[PDB]
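What is reported rests on the model, the rules as stated and the sources as named; nothing here is a laboratory result. Reconstructed Cβ throughout: ideal geometry from the backbone, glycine too, with neighbour counts over all protein chains shown.
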Amino acid sequence: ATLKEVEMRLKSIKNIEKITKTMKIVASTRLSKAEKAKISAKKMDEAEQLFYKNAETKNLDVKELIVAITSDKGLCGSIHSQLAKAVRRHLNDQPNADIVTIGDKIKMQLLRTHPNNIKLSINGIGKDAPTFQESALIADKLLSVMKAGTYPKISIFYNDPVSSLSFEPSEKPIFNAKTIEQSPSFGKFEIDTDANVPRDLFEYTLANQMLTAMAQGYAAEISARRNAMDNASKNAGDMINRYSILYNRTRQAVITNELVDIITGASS
Amino acid sequence: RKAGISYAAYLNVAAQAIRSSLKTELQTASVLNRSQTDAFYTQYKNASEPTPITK
Amino acid sequence: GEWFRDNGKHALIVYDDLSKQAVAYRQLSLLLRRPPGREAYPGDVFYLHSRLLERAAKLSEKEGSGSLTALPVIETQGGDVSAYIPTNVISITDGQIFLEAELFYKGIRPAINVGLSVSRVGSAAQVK
């Protein structure tokens with residue numbers, strides 16, 4: 001009712017509207033950057049997975065390790081929420097998996113639902129474009145503190161950026177040292193039986209294909225934040241127009257009322 | 001490097017060298033992003049469990 | 001209520017509410033054609049309350065140690081504690097209990113705004 005109260009409400013709205021209309025543009029600053037690391041990522045997929053394609057590498061059926069990828073940074077539509085969907089959907093067909101969460105928003109999305117499963121959690125992530133150094137160390141800690149190379153199955157979960165306008169939560173396998181050996185067409189290759197190529201290639205792949213997911217999930221998020229802030233700063237703009245009418249009315253009735261009050265004070 | 005690290009770390013250790021001995025003249029904006037990380041990790045049981053170490 | 005205070009006894013008076021009193025006083029004055037002030041109220045709609053609320057006291061031993069305690073009520077339009085009369089009375093009293101629909105309808109009862117509410121007499125007026 002009060003010009004003060006309306007003055008504050010108009011300011012915090014327009015302020016919100018700067019915040020979001022800039023995050024909308026800080027996204028587009030980062031939009032080109034997102035396609036560099038996105039195609040480069042899908043490019044090594046074609047390069048590094050073609051081996052496994054050709055070896056006919058598949059899961060030994062002989063206890064899963066599930067790795068979910070998002071970020072610590074929110075305000076990106078439903079990047080976090082609908083990856084959590086697809087991970088739960090998957091957790092029905094095998095409830096007993098261990099969960100490693102990379103990013104703080106998928107951590108707490110999943111901590112709400114299956115808090116017993118999460119057994120390691122990676123922080124300080126969404127801030128830059130993803131890197132092999134990050135990947136490799138998270139990988140190293142996966143081998144060390146998680147005993148990754150003892151798992152019957154290992155799964156990576158990320159959002160695959162289908163378009164610039166939409167995204168799709170997908171899932172990909174990582175095959176361990178044993179699983180690489182017992183692939184049907186593994187023999188087709190003259191791998192030198194000397195070094196454990198299966199051990200090192202697994203370790204290299206685990207790091208390598210986490211980074212591919214990270215680079216992709218990263219890209220889709222940037223587009224989700226571009227689109228979410230596109231909507232937010234348009235709503236906020238719409239609020240501003242409305243409130244600018246309400247401010248202007250209260251502006252006037254406050255001048256009128258003071259004047260009537262004064263003019264009355266000399267009715268005598 | 002056994003009873004110890006992994007192939008990919010063992011490879012990242014050498015991967016810093018190429019970047020950090022490319023003349024500063026074009027060690028670029030994106031290039032340094034690759035040579036350091038902010039990542040932390042916290043182990044879990046049942047709710048949280050042990051300490052939150054750096055990487 | 002003062003009789004109790006004046007004879008070694010203790011009263012507690014409740015003015016429910018002072019807003020309505022202030023409206024009555026403005027009516028008198030406007031009809032007496034005494035010239036109005038801020039919000040058409042009399043020029044001393046503070047003195048009205050300040051003189052009233054100073055009568056709530058704690059008398060000395062030489063006077064029998066009796067007491068008048070006051071609980072005035074004021075009603076705000078849309079929580080506007082910035083308004084004329086609510087401010088006047090906030091200034092007079094030794095503290096305030098703020099009540100809010102926002103908290104009330106969230107189930108919190110009494111709807112006491114813990115941040116704004118103070119009793120300046122404080123822990124000196126409270127069982128050990």
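Of everything in segment B:2-13, what is part of a loop (DSSP other than H, G, I, E, B) and facing chain A (nearest Cβ under 7 Å)? Give them in sequence order.
Passing the criteria: B:5, B:6, B:7, B:8.
State yes or no: is residue C:29 hydroxyl-bearing (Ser, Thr, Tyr), surrounded by 15 or more Cβ atoms within 10 Å (Cβ to Cβ) and under 12 Å from the mean Cα position of the chain (by Cα)?
no
Give the residue, chosen from A:79, A:106, that is in a helix (DSSP H, G or I), touching a helix residue (DSSP H, G or I) at 6+ places or on another chain (Cβ under 7 Å), in the same structural domain as residue A:30 (by CATH) and buried (at least 22 other Cβ atoms within 10 Å of the Cβ).
Residue meeting the stated conditions: A:106.
State whether the residues of segment A:216-227 include one that is in a helix (DSSP H, G or I), in contact with a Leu (Cβ under 8 Å, 6 or more places away or on another chain) and under 30 Å from residue C:38 (Cα atoms).
no
Taking the residues in segment C:70-106 that are assigned to a strand (DSSP E or B) and of a type in the set (A, V, I, L, M, F, W, C) as candidates, determine which candidate is surrounded by the most Cβ atoms within 10 Å (Cβ to Cβ).
Looking at the filtered set, the residue picked out is C:70.
Among residues belonging to segment B:14-55 that are among the charged types (D, E, K, R) and more than 8 Å from chain A (Cβ to nearest Cβ), point out the one that is surrounded by the most Cβ atoms within 10 Å (Cβ to Cβ).
In this case the residue turns out to be B:19.
For segment A:122-137, what are the residues that are of a type in the set (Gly, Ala, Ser) and at the interface with chain B (Cβ under 7 Å from one of its Cβ atoms)?
Selection gives A:124, A:129, A:136.
Under 6 Å by Cβ, and 6 or more places apart or on different chains, what pairs join a residue from segment A:200-212 that is under 13 Å from residue A:45 (Cα atoms) and more than 8 Å from every other protein chain (Cβ to nearest Cβ) with one that is among the aromatic types (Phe, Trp, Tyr) and surrounded by fewer than 22 Cβ atoms within 10 Å (Cβ to Cβ)?
A:211/A:132
Might you check whether a residue that is among the aliphatic types (A, V, I, L, M), surrounded by fewer than 23 Cβ atoms within 10 Å (Cβ to Cβ), away from chain B (no Cβ under 11 Å) and closer than 23 Å to residue A:39 by Cα occurs anywhere in segment A:138-160?
Scanning segment A:138-160, I find no residue that is among the aliphatic types (A, V, I, L, M), surrounded by fewer than 23 Cβ atoms within 10 Å (Cβ to Cβ), away from chain B (no Cβ under 11 Å) and closer than 23 Å to residue A:39 by Cα, so the answer is no.
Can you name the residue in segment A:110-141 that is assigned to a helix (DSSP H, G or I) and small (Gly, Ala, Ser) and, of all such residues, is farthest from residue A:66 (Cα to Cα)?
Looking at the filtered set, the residue picked out is A:136.
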